[PDB]
Amino acid sequence: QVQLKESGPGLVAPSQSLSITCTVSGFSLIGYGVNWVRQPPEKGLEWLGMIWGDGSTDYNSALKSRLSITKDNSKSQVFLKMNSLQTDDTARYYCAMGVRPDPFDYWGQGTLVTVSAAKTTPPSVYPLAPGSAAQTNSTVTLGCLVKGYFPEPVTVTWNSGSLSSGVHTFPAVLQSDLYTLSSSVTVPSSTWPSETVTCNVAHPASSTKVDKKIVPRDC
Amino acid sequence: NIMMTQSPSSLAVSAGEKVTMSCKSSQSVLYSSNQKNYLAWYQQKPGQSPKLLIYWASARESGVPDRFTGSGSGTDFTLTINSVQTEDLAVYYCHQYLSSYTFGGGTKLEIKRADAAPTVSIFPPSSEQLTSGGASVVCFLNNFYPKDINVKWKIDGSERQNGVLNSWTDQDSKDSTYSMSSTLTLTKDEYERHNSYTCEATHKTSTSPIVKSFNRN
Ligand SMILES: [Mg+2]
Ligand SMILES: [Mg+2]
Ligand SMILES: [Mg+2]
Ligand SMILES: [Mg+2]
């Protein structure tokens with residue numbers, strides 16, 4: 001039952017430093033090494049470094065000593081520190097470990113790190129309700145528009161997660177240093193507007209949590 | 001520092017068919033003091049972290065389906081899926097852990113399936129956005145295949161191309177279809193300058209375009 005979870009800042013300005021904490025569970029850091037791997041927006045995997053049980057470290061030579069890894073065995077925490085970040089350091093940063101000496105068996109969810117001087121901006125959440133009436137025994141498509149936020153990511157759910165099937169959340173598009181995305185949900189006409197349908201949008205970087213009830217509109 | 005190259009970069013296949021992928025290393029990954037090939041295969045589905053499929057080049061990780069088999073030695077390795085499942089949609093990375101840790105560029109596995117017509121939905125701007133001075137008109141084109149699709153925005157009959165932003169989802173893990181969102185962003189004043197707003201979609205599944213419209217009325 002090994003688990004790793006990364007906690008990072010989400011946004012780092014160019015030439016500034018990156019700090020991420022990997023909190024592990026299910027094993028002692030005394031006995032196992034922890035590795036760091038990042039995935040840039042265009043995908044692929046790049047190993048960054050590791051810290052052994054005894055506290056020694058190995059790093060990727062390409063990082064030019066900008067990378068330093070430490071840990072606190074007693075708190076099950078591994079500390080990633082990288083200096084003078086540039087745009088091409090934008091990536092999802094994973095911490096990973098293997099119960100054998102290798103290969104890596106357990107990966108965290110990773111934390112997205114965007115390198116930009118742009119400012120953090122909260123999203124605007126708008127309901128997308130149909131313009132006309134729904135036919136009998138039809139399935140109706142609703143949506144939410146999430147506009148003008150930065151940086152990634154946002155999370156969207158429907159009815160606090162109780163509405164999981166029939167959902168499409170589209171990838172965000174970047175324009176003028178602002179992200180926009182949308183999410184659709186398709187449900188039977190006998191369930192809406194009879195029952196509540198609400199989209200739940202979270203932008204952790206802005207500490208924003210918004211619920212937008214989808215209500216019918218005046219045809 | 002060993003370099004790992006994979007081929008093909010991407011690959012499409014129907015469900016139930018067999019596929020083979022290739023991973024080549026610039027230096028041998030066979031350790032003489034172990035007679036083990038330090039070679040691993042990972043699967044990464046959209047929105048998920050890598051998942052170890054194979055290690056020692058041919059040892060299958062516990063819990064992995066038996067359709068996944070890896071083979072090869074020295075500098076030439078192969079991953080086979082005896083019968084591709086719809087859920088096998090993913091990027092497959094090979095990996096060496098003999099001398100430091102390096103990864104291949106990945107092979108993207110995509111799923112071929114039967115054509116599927118889209119469901120088109122058009123949504124007028126919300127009152128919340130209009131109060132802010134903006135007027136985004138949104139069109140959802142859901143659960144179609146193949147990915148190629150043409151969307152045309154018409155205002156009072158005339159076409160508009162400025163302010164259109166399109167976004168496609170990944171292939172669905174269960175039915176392997178595509179969805180697309182098209183957002184036409186105007187200001188409130190521009191929006192209130194016209195009346196008829198139309199999202200017109202054209203897809204291989206039909207010669208007649210799908211027309212969804214609303215009137216600001
Ligand atoms: Mg109803
Ligand atoms: Mg090197
Ligand atoms: Mg299946
Ligand atoms: Mg459809």
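In whole Å, what is the distance between the alpha-carbon centres of segment A:31-82 and segment B:151-217?
46 Å
From the backbone phi of segment B:156-166, what are the Karplus-calculated ³J(HN,Hα) couplings (6.51 cos²θ - 1.76 cosθ + 1.60, θ = phi - 60°) in whole Hz, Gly and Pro given as x?
Result, rounded to whole Hz: 6, x, 8, 7, 9, 10, 6, x, 8, 10, 10.
Please compute the Cα-Cα pair-distance distribution of segment A:124-213 with 5 Å bins starting at 0, giving whole percents from short to long.
3, 14, 26, 23, 16, 10, 6, 3, 0
Please report, in Å, the Rg and the Dmax of chain B, where both are computed over Cα atoms only.
Final numbers for Rg and Dmax: 23.9, 80 Å.
Where the Cα atoms of segment B:119-215 are projected onto their three principal axes, how long is each span, largest first, in whole Å?
41, 27, 19 Å, listed from the longest principal axis down.
Of all the stretches in chain B, which is the longest one without any exposed loop site, taking GluC sites (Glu not before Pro) in a DSSP loop (any state but H, G, I, E, B) with at most 14 other Cβ atoms within 10 Å?
B:18-191
For the protein assembly as shown, what is the mean residue ellipticity at 222 nm derived from helices alone (per DSSP H run of n ≥ 4: -39500 (n - 2.57); sum divided by total residues; nearest 500 deg cm²/dmol)?
Rounded to the nearest 500, it is -500 deg cm²/dmol.
When only alpha-carbon atoms are used, what values of Rg and Dmax, in angstrom, describe segment A:3-115?
Every Cα atom of segment A:3-115 included, Rg and Dmax give 13.0, 37 Å.
Stokes-Einstein diffusion coefficient for segment B:27-78 at 10 °C in a medium of 1.306 mPa s, Rh from the Kirkwood formula over Cα pairs: what value in µm²/s?
135 µm²/s
Under 10 Å, Cα contacts only: if you run a Gaussian network model on chain B, which one of B:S136, B:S127, B:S176 comes out with the highest mean-square fluctuation?
Sorting by GNM fluctuation, first place goes to B:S127.
Regarding chain A, what's the average projected area of the Cα-atom convex hull, expressed in nm²?
With the hull built on Cα positions only, its mean projection is 14.7 nm².
How far apart, in nm, are the 7 Å Cα→Cβ label points at B:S83 and B:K154?
A separation of 4.8 nm, rounded to one decimal place.
Could you work out the relative contact order of chain A? I mean the mean sequence separation of Cα pairs under 8 Å and 6+ apart, divided by the number of residues, in percent.
19 percent
Give the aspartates and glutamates whose C-alpha is closer than 12 Å to that of B:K45, dropping any in the same chain fewer than 8 places away, or say none.
B:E87, B:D88, B:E110, B:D170, B:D172
Convex hull volume of the Cα atoms in segment A:45-106, per residue, in Å³?
Spread over its residues, the Cα hull of segment A:45-106 gives 106 Å³ apiece.
Any idea how far apart A:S19 and A:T155 come out in nm if each label point goes 7 Å out from Cα toward Cβ?
2.4 nm
Based on Cβ point charges of +1 for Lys and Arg and -1 for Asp and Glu, what charge dipole magnitude is obtained for segment A:1-126 about its Cα centre, in debye rounded to the nearest 20?
Computed about the Cα centre, the dipole is about 260 debye.
Please name whichever of B:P125, A:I30, B:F77 sits farthest to the positive end of the charge dipole of the protein assembly as shown, dipole taken about the Cα centre and charges placed at Cβ: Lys and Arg +1, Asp and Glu -1.
Value: A:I30.
Could you tell me the distance between the Cα centroids of segment B:50-119 and segment A:4-19, to the nearest Å?
31 Å
Would you please name the GluC sites (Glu not before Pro) within segment A:1-78 that are DSSP coil residues with at most 12 other C-beta atoms within 10 Å of their C-beta?
For GluC sites (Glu not before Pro) across segment A:1-78 that sit outside H, G, I, E and B with at most 12 neighbouring Cβ atoms in 10 Å, the list reads A:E42.
Within segment B:16-42, whose backbone N sits under 20 Å from a point 7 Å along Cα→Cβ of B:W56?
Answer for segment B:16-42: B:28-42.
Once you treat every alpha carbon in segment B:87-176 as an equal point and sum by Debye, what is log10 I(q)/I(0) at q = 0.17, 0.19 Å⁻¹?
Once normalised to I(0) and log-transformed, intensities are -0.89, -0.99.
Mind checking which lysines have their C-alpha under 21 Å from A:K81, skipping anything on the same chain fewer than 8 residues away?
A:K5, A:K64, A:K71
By the 4.7 Å beta carbon criterion, which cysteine residues of chain A come out unpaired?
A:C219
Hey, could you pull the Cα Rg and Dmax for the protein assembly as shown, both in Å?
Final numbers for Rg and Dmax: 24.3, 80 Å.
For segment B:4-112, just run the numbers: alpha carbon Rg, then divide by 2.2 N^0.38 Å, N being how many residues it has.
1.01
Work out from phi, with θ = phi - 60° and the Karplus expression 6.51 cos²θ - 1.76 cosθ + 1.60, the ³J(HN,Hα) of each residue of segment A:52-66, listed in order in whole Hz, and give x for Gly and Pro.
Karplus values, whole Hz, x for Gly and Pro: 6, x, 7, x, 5, 10, 10, 10, 5, 5, 5, 6, 6, 6, 5.
Starting from the Cα of A:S164, step 7 Å along the direction of its Cβ; do the same at A:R100; then give the gap between the two resulting points in nm.
The answer from the label model is 3.2 nm.
Here, each number is a calculation from the coordinates, and none is a lab measurement. All Cβ positions, even for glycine, are placed from backbone atoms using ideal geometry, and neighbour counts span all protein chains on display.
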